[PDB]
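First comes the structure, then the notes that go with it.
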2 protein chains.
Amino acid sequence: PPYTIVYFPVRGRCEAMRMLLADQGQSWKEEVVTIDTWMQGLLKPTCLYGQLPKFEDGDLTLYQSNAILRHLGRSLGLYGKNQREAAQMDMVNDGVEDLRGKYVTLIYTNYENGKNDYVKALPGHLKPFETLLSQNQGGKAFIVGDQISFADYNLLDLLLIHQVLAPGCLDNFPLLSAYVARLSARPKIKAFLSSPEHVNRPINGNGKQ
Amino acid sequence: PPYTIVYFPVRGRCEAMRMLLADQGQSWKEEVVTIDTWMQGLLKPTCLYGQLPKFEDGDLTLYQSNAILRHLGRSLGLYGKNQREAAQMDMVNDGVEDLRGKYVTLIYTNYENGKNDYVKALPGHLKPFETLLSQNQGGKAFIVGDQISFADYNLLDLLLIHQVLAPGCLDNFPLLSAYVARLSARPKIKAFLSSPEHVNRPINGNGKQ
Ligand SMILES: N[C@@H](CCC(=O)N[C@@H](CSCc1ccc([N+](=O)[O-])cc1)C(=O)NCC(=O)O)C(=O)O
Ligand SMILES: N[C@@H](CCC(=O)N[C@@H](CSCc1ccc([N+](=O)[O-])cc1)C(=O)NCC(=O)O)C(=O)O
């Protein structure tokens with residue numbers, strides 16, 4: 001510490017880590033970068049890959065949203081209790097990323113014509129997560145193990161944004177519906193989901209949701 | 001152990017882990033699944049996400065190529081010496097994945113028309129890796145730290161396949177050119193790169209390279 005998040009004035013690839021820090025009683029400094037500030041002309045600070053977000057933990061600067069999640073997962077003890085749980089948590093997080101990549105592609109490159117085809121193929125992509133829950137204590141606890149991990153926060157966010165995209169996409173998935181209701185019920189998270197800084201902030205950076 | 005890899009008869013998303021195991025004196029069992037075997041019916045829905053590869057370490061089954069790399073990175077001690085190096089190794093591996101995703105998109109969905117545009121934008125994507133090397137002992141050692149990690153194996157593979165795609169794409173990058181020559185010089189890897197099981201195996205699953 002201290003923690004600092006540099007990103008656009010949207011949820012996107014930072015709402016997951018913002019939920020993690022908030023649930024673990026942590027506090028961070030929000031540093032906004034408008035699209036005007038980003039793209040305008042000759043301006044280049046030191047963006048490794050040229051994109052955002054950028055995280056700062058004490059005197060450690062990091063890039064890549066998932067690399068940041070795994071960092072907080074190691075330092076804050078949210079990466080399982082053994083090798084098996086660690087590997088399974090990566091397998092799950094990667095699956096979440098694959099679907100998140102598709103969602104981003106839809107919103108930014110083919111929202112109008114692709115929406116119908118996306119929502120139609122969606123139940124096929126959400127099914128694996130449903131299967132994972134049943135295999136672990138009947139989906140009573142978390143995606144992997146007994147305690148909450150970084151994978152749970154990323155998965156929760158993926159499902160929350162898909163409920164806005166497709167209103168009843170979880171109806172055919174009992175476990176996933178209860179899983180979202182359960183994790184949202186947690187006092188720390190609930191406070192965040194009902195916070196002005198979260199509500200007033202749009203999901204994506206183009207008005208499409 | 002024992003180690004087992006289930007995948008298509010191509011390099012693709014498994015040549016990196018095959019180099020890692022080979023360099024660490026490990027031995028695995030190769031289990032091939034033809035495209036014909038893929039299209040069947042009842043004997044098919046057994047894959048978590050519905051894709052490959054599938055790795056087996058003793059009595060631990062895993063999916064997602066990157067999750068498998070990180071697993072071998074923890075058990076075989078190829079994940080750095082501290083938190084900083086671990087986070088930086090993830091940041092690098094994720095960058096490699098982003099470019100690998102683009103490469104796969106080109107080869108399978110737009111090889112004919114997209115090739116020229118890809119090769120033209122390529123030097124902009126390889127630049128970050130060049131910058132990383134100079135920042136670490138002038139690119140004398142490895143991508144991160146003093147010892148070889150899983151990130152190095154994945155990066156080496158990404159560059160090797162891009163040299164086939166675009167013959168002189170590394171000419172403008174001194175450090176990356178020496179980095180590939182150095183890691184390829186390693187006796188264990190060199191033996192693998194000159195092995196029949198590797199040579200006779202095509203890079204992608206559609207004849208395009
Ligand atoms: N693999 C990377 C991808 C990072 C990424 O997508 N970065 C985007 C922001 S997320 C998507 C996004 C982009 C822009 C806005 N906006 O409001 O302007 C909102 C959301 C970016 O920097 N875009 C600008 C650029 O490429 O130069 C990661 O996970 O960190
Ligand atoms: N994010 C995942 C992606 C896995 C993946 O790309 N799986 C592909 C194989 S790699 C690319 C590939 C595909 C097919 C062949 N082939 O010879 O038929 C070769 C390579 C697959 O299962 N494709 C079939 C399907 O989607 O059902 C990971 O890294 O594991």
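Read-outs throughout are calculated quantities, based only on the coordinates presented, and are distinct from any laboratory measurement. Positions of Cβ are backbone-derived with ideal geometry, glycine not excepted, and every protein chain shown enters the neighbour counts.
Pairs from the table (A:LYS44/B:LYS208; B:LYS140/B:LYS188; A:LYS140/A:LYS190) lying more than 26 angstrom apart at Cα are A:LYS44/B:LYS208.
Here segment A:111-179 is treated with +1 on each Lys and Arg Cβ and -1 on each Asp and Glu Cβ, and its dipole about the Cα centre works out to around 120 debye.
Here the Gaussian network model covers chain A, with springs between Cα atoms less than 10 Å apart; of A:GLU31, A:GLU56, A:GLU130, A:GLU31 fluctuates the most.
Here's the list of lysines a cross-link from B:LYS29 could span, going by alpha-carbon distance under 17 Å and ignoring same-chain residues fewer than 8 apart: B:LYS54. Only helices enter this figure: runs of n ≥ 4 DSSP H residues, each worth -39500 (n - 2.57), summed and divided by the residues of chain A, yield -17500 deg cm²/dmol at 222 nm to the nearest 500.
For chain B, set up a GNM with springs between Cα atoms under 10 Å and report which of B:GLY12, B:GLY145, B:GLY124 has the largest fluctuation. For chain B, modelled as a Gaussian network with Cα springs under 10 Å, the answer is B:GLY124. Applying a DSSP loop filter and a limit of 15 other Cβ atoms within 10 Å to the trypsin sites (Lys or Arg not before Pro) in segment A:106-209 leaves A:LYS140, A:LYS208. Note on segment B:79-186: the C-alpha convex hull projects to 6.6 nm² when averaged across all orientations.
Return the tail of the calculated pair distribution for chain A, meaning the percent of Cα-Cα pairs more than 33 Å apart. Every Cα pair in chain A considered, those over 33 Å come to 14 percent. Our summary of shape: the Cα atoms of segment A:161-209 have principal axis extents of 30, 27, 10 Å, ordered from largest down, in whole angstrom. Summary for B:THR37: label point 7 Å along Cα→Cβ; distances to the equivalent points in the other copies, ascending, 5.5 nm.
Given the options B:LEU133, B:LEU43, B:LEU155, which has the most mean-square fluctuation in a GNM of chain B, springs set between C-alpha atoms less than 10 angstrom apart? Fluctuation is largest for B:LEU43. Here B:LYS120 is the anchor, and the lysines within straight C-alpha reach of less than 16 Å, apart from those fewer than 8 places off in the same chain, are B:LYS102. Convex hull of alpha carbon positions in segment B:1-60: directionally averaged projected area 4.5 nm². Taking a ≥ b ≥ c as the square roots of the eigenvalues of the Cα gyration tensor, an a/c ratio of 1.5 or more together with a/b no larger than b/c marks segment B:1-117 as oblate.
The dipole here belongs to chain A: it is taken about the Cα centre, uses +1 on the Cβ of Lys and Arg and -1 on the Cβ of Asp and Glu, and is about 220 debye. Placing a pseudo-label 7 Å from each Cα along the Cα-to-Cβ vector at A:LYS188 and B:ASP59 gives an inter-label distance of 3.4 nm.
Inter-chain neighbour count for B:74-82: the average number of beta-carbon atoms from partner chains within 10 Å of each residue's beta-carbon is 1. Please get the size of the charge dipole for the protein assembly as shown, origin at its Cα centre, with Cβ charges of +1 on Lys and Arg and -1 on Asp and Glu, quoted in debye to the nearest 20. The calculation lands at about 20 debye. Based on the convex hull around the alpha carbon atoms, the protein assembly as shown presents an average projected area of 21.1 nm².
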